[PDB]
Amino acid sequence: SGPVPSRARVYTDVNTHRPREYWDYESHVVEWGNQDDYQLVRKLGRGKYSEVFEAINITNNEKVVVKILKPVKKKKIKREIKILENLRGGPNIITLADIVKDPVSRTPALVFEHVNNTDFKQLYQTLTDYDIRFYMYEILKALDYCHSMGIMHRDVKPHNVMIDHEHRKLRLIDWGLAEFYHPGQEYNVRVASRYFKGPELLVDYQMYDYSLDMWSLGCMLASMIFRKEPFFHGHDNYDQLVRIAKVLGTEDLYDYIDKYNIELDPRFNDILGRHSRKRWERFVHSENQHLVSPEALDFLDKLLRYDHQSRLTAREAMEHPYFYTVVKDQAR
Ligand SMILES: CC(C)=CCOc1cccc2c1-c1c(c3c(n1C(C)C)CCCC3=O)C2=O
Ligand SMILES: [Cl-]
Ligand SMILES: [Cl-]
Ligand SMILES: [Cl-]
Ligand SMILES: [Cl-]
Ligand SMILES: [Cl-]
C-alpha cells in the first residue's frame, strides 16, 4: 500500500472531455512564423529560461514582445506553445501572437502582444490594502480561467505577474512550467520557486493538481499583507518545509502525511520535530497594521492548508468576503 491517490476537487475531467488534440501537445505540429517579420528594439529582461525583448512587427509596424527560449527539451517547447494557444484570449493571460525560429541557430522564440506594464514584484510591497485585494482578485481571474481550461500554472510568484498600474491591468506570465491536469497522472515535483512550493512538492507527493497554484497564491498574499518577502524563507528544500511547519504547526503536517500514506525520509521526520501552530496575528506589526483585516486572515488561512484538497478553489476564493467590495466595484 503506497501513497493514497488524489483527484482535483474542481475541473477534474475538463481535458478528458476535450478532443485529444487539445492536450496531446506531443502530437501537435507547430506552425512556425517568419522571424524576419520581427526586429528587436531593446532588452526588457531575462529569465532563467529566456531573454525578453521589445520588438517591432515590420509588417504592420505594431509593437510586440519577444521571448527567446533558452535551450530546453523540445517536448517542453511544444507544451508551452500549446498551453499558450489554448489559453489565448482568456482574462489576464498573456497573449501569444506568433512563434518564430532563428534561421541559423534554430532557437525558438515566442512573440507576445505588447502591453506597457511593469513587474509586480516591483510594486506589491507598496500597495494600499484595497490594491492588494484588487490585484489578488485579478490573479484569481487568470487562475480560475486556466484551471477551468485544464491547465496548472505551477510557477505562481510575484515575478510572474505583470501590472499596467495606470490602466489597472494585470497579466499572468511565464507558462514554461505549466502542465495539463489529467486525473491519476503523477507530476514532477521540481516545479515552482522554492519560496512558493506547496507542501505536496516538499514531501514528494506527485499526484497533485490545480490547488498547487492556490498555495503559491497564499504565499504571495502573506508576503503582501505582512510586508515579509518572502513569507516562508527556506534556505534549502528541507528548510522550506520547516519554515512552513514553524507557522502552521507540525500537527496538521503529520495528519497530511498520514492521510495520503506519504513515506517521509527517516531523517526528515526527525528534522521537522514538533512545532505548535502560530496564530496569523503573530506576524502583524505596526507598519503592516493597515493591510491586515479579519477577512484577510480568514482568507489567507483558507489558502495555506497542508492538504491540497482543503485549500480554496480559485472560484471559492473569488467569493470570499475579502473581495466583497472589490467584486462590487467590478461593475464599473
Ligand atoms: C517592463 C519590464 C520590467 C519587463 C517586461 O517584461 C515582460 C513584458 C511582456 C511580456 C513578458 C515580459 C516578461 C516575460 C517573461 C519575463 N518577463 C520580464 C520579467 C522580463 C521573465 C522571464 C519569463 C517570461 O516569460 C513575458 O512574457
Ligand atoms: Cl518572485
Ligand atoms: Cl503518470
Ligand atoms: Cl510534470
Ligand atoms: Cl520564514
Ligand atoms: Cl481552481
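Calculation notes
- Residues numbered from 1 in each chain as written, not as in the entry; some residues may be left out.
- Chains lettered and ligands numbered in written order.
- Heavy atoms only, no water.
- Helix = DSSP H or I, 4+ residues; strand = E, 2+ residues; numbered from the N terminus.
- Rg over C-alpha atoms; globule rule 2.2 N^0.38 Å.
- Buried < 20%, exposed > 50% of the residue type's maximum accessible area, 1.4 Å probe, protein only.
- Contact = heavy atoms within 4.5 Å.
- Areas by Shrake-Rupley, 256 points an atom, 1.4 Å probe, with all protein chains shown as cover.
- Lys, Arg positive; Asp, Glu negative; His and termini not counted.
- Charge placed at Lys NZ, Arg CZ, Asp CG, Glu CD.
- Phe/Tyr/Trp six-rings, centres within 6.5 Å; stacked < 30°, edge-to-face > 60°.
- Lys NZ or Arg CZ within 6 Å of the ring centre and 35° of its normal.
- Near = heavy atom within 4 Å.
- Polar contact = N/O pair within 3.5 Å; in protein donor to acceptor, adjacent residues only side chain to side chain.
- Nonpolar A, V, L, I, M, F, W, Y, C, P; charged D, E, K, R; others polar.
- Domains from an automatic or database assignment.
- Arc of directions from axis to C-beta.
- Expected span 1.5 Å × (residues − 1).
- Pairing = 2+ DSSP bridges.
- UniProt positions renumbered as here; feature names shortened; annotations may be inferred.

For this deposition, the record names X-ray crystallography as the technique by which the model was determined and cites 1.950 Å as its resolution.

Peer 1: I tried to follow the overall build of the chain on my own but got confused; where do I start?
Peer 2: Regarding its fold elements, the chain presents 12 helices and 10 strands. Against the globule reference of 20 Å for 332 residues, the chain gives a C-alpha radius of gyration of 20 Å, in line with a compact fold. Across its three principal directions, the C-alpha atoms of the chain cover 60 × 50 × 35 Å. For the chain, the proportion of its 332 residues judged to be buried stands at 52%. Considering only intrachain contacts with a sequence separation of at least 6, the fraction spanning at least 24 residues in the chain is 68%. Only carbon and sulfur atoms are counted for the fraction: they give 47% of the accessible area of the chain, which is about 16200 Å². Averaging the positions of the 49 positive and the 49 negative side-chain charges in the chain gives two centres separated by 2 Å.

Peer 1: Explain the packing of aromatic side chains to me, please; I cannot follow it from the model alone.
Peer 2: For any pair of aromatic rings, the description consists of the separation of the ring centres together with the inter-plane angle of the planes. Within the structure shown, the criterion is met by 22 aromatic pairs. Residues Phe 299 and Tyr 322 carry aromatic rings whose centres are separated by 5.4 Å and whose planes lie at 25 degrees to one another, so their mutual orientation is stacked. Linking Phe 299 in helix α10 (residues 294-303) with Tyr 322 in the loop between α11 (314-318) and α12 (324-328), this pair joins segments that are 23 residues apart in sequence. Seen from the ring of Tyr 49, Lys 76 lies directly overhead, with NZ or CZ sitting 4.8 Å from the centre. Of note, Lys 228 hangs over the ring of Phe 231, and the distance from its end group to the ring centre comes to 5.8 Å.

Peer 1: Where do I start with the site of ligand 1 in this structure?
Peer 2: In the vicinity of ligand 1, 15 residues are found, and the nearest of them are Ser 50, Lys 67, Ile 94, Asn 117 and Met 162. In the model, an oxygen atom of ligand 1 is placed 3.0 Å from a nitrogen or oxygen of the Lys 67 side chain. For the shell around ligand 1, the secondary-structure elements that each account for two or more residues are β1 (38-46), β2 (50-57) and β3 (62-69). Here the residues of the shell around ligand 1 sort into 7 nonpolar, 5 polar and 3 charged. When we break the shell around ligand 1 down by domain, the ones giving at least three residues each are domain 1 (6-23 + 115-332) and domain 2 (24-114).

Peer 1: Mind showing me how you'd approach α10 here?
Peer 2: Each turn of an α-helix holds 3.6 residues, which means side chains three or four residues apart point in the same direction. Where α10 is concerned, the buried positions are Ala 296, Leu 297, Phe 299, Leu 300 and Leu 303. Along the axis of α10, the buried positions cluster into a sector of 160 degrees, meaning they face one direction only. Contact partners of the buried residues in α10: α4 (129-148), α6 (211-226) and α11.

Peer 1: What is the right way to look at α4 in this model?
Peer 2: The end-to-end C-alpha separation of α4 is 29 Å, in line with the 28 Å expected for 20 residues at 1.5 Å each. In terms of residue burial, α4 counts as a mostly covered element, since 15 of its 20 residues are buried.

Peer 1: What's the story with the sheet that holds strand β9 (residues 169-172) in this structure? I'm lost.
Peer 2: Picture the strands of a sheet paired through backbone hydrogen bonds; they go either parallel or antiparallel. Sheet architecture is open: 3 strands sit in the order β6-β8-β9, paired in antiparallel fashion. Looking at strand neighbours, the two that pair on one side only are β6 (118-119) and β9, the edges of this open sheet. Bridging between β6 and strand β8 (residues 161-164) involves 2 bridges; their strand directions are antiparallel. Across the sheet, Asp 119 pairs through a bridge with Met 162, a residue of β8.

Peer 1: Help me understand the UniProt feature "active site" in the chain in this model?
Peer 2: Residues annotated by UniProt as "active site" correspond here to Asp 155. Inspection of the secondary structure assignment puts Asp 155 in the loop between β7 (151-152) and β8. We classify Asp 155 as buried; its relative accessible area is 6%. Those residues within four positions of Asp 155 in sequence are excluded, and the remaining contacts are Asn 160, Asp 174, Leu 177, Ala 192, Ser 193 and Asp 213.

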